[PDB]
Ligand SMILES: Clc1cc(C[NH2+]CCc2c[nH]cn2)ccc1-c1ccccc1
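As a starting point, one isolated chain is supplied in structure tokens, in the form solved without the ligand.
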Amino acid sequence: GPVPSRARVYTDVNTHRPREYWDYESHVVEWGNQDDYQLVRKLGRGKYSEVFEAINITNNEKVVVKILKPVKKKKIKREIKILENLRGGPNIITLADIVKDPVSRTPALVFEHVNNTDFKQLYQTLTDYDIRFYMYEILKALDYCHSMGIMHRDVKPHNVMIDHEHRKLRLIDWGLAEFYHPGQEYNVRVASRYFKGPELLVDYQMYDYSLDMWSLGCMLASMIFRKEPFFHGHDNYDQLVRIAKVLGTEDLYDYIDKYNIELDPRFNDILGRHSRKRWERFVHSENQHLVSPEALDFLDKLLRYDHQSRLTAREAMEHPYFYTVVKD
């Protein structure tokens, strides 16, 4: 069988927390008053929810309301429990309330409002200094949630809300987040395709917080190299092939051999043989202002096949790439 794996940090956080902390199936929701909130405009829709701008009429403050579509109550309680556990943490979106929507007959989560710019437009604009600053702010959120025993499992640009005017950042959309427990096998159908870690793409279920660090590396690569998304696969199989054309096939085989993993035989006709590339090949005159030796070294240490070899969020915050960021 496959070789087991443990997180190298925050391994036992939930072990020594009280059961109530991570036992979300037993959580009892504290419902607020649904008539406190007036919906203003729809902001988005997905398979599992719709999101709205709204006004809290008890204080005339803007909020954001996510009205769930029907989904297992276990997963609704999981997201609620995680948001309450993380509330107040650095750059974590604040859950302000939970109400029952009378039309949907489902829960509606009420969040603080961020005056956001779309990443497609914001990313055409950020400077080298901006990218370092906001990467540091994301790391604060990720080290916090990892230190609290939670993996996000859907890190991607669409889930990082930035109010550039106030240099304010919030990590949102905790609907896929999970509690880390040593030895637990997790669903690999998480994260967006372009941000899926190799562990998901080879069906290794005993993964951990380090998944979020791969996803963050994909974001960093897209920003400093001006290629969004960086690994642009047409499906989950091609996604691994795109990664292997950069990291090389020999280290992919080292990875699956370490964990006694077997590749899907459908890769026999599509994977090929690929050397590992040097990151300098992705530098050109239109992105070199965003690239430095420090950026390439930092990126290189996030994008490792072996989830046990990636920088932790705390280690990443120690990296020389962040030396120029003003610390508060």
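Note that residue numbering begins at 1 and tracks the sequence as displayed.
Unshown form solved in complex with the ligand; subsequent notes refer to it.
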Query raised in the report: Ok, 191, 86, 161, 243: which has a heavy atom sitting within 4.5 Å of the ligand in the entry with it bound?
Result: 161
Query raised in the report: Looking at 247, 223, 141, 96, which has any heavy atom no more than 4.5 Å from the ligand in the entry with it bound?
Result: 223
Query raised in the report: Looking in the entry with it bound, any heavy atom of residue 145 within 4.5 Å of the ligand?
Result: no
Query raised in the report: Quick one: does residue 122 come within 4.5 Å of the ligand in the entry with it bound, counting heavy atoms only?
Result: yes
Query raised in the report: Heavy atom to heavy atom, is residue 134 within 4.5 Å of the ligand in the entry with it bound?
Result: yes
Query - is_contact(residue 157, the ligand) in the entry with it bound, heavy atom dist at most 4.5 Å - result: yes
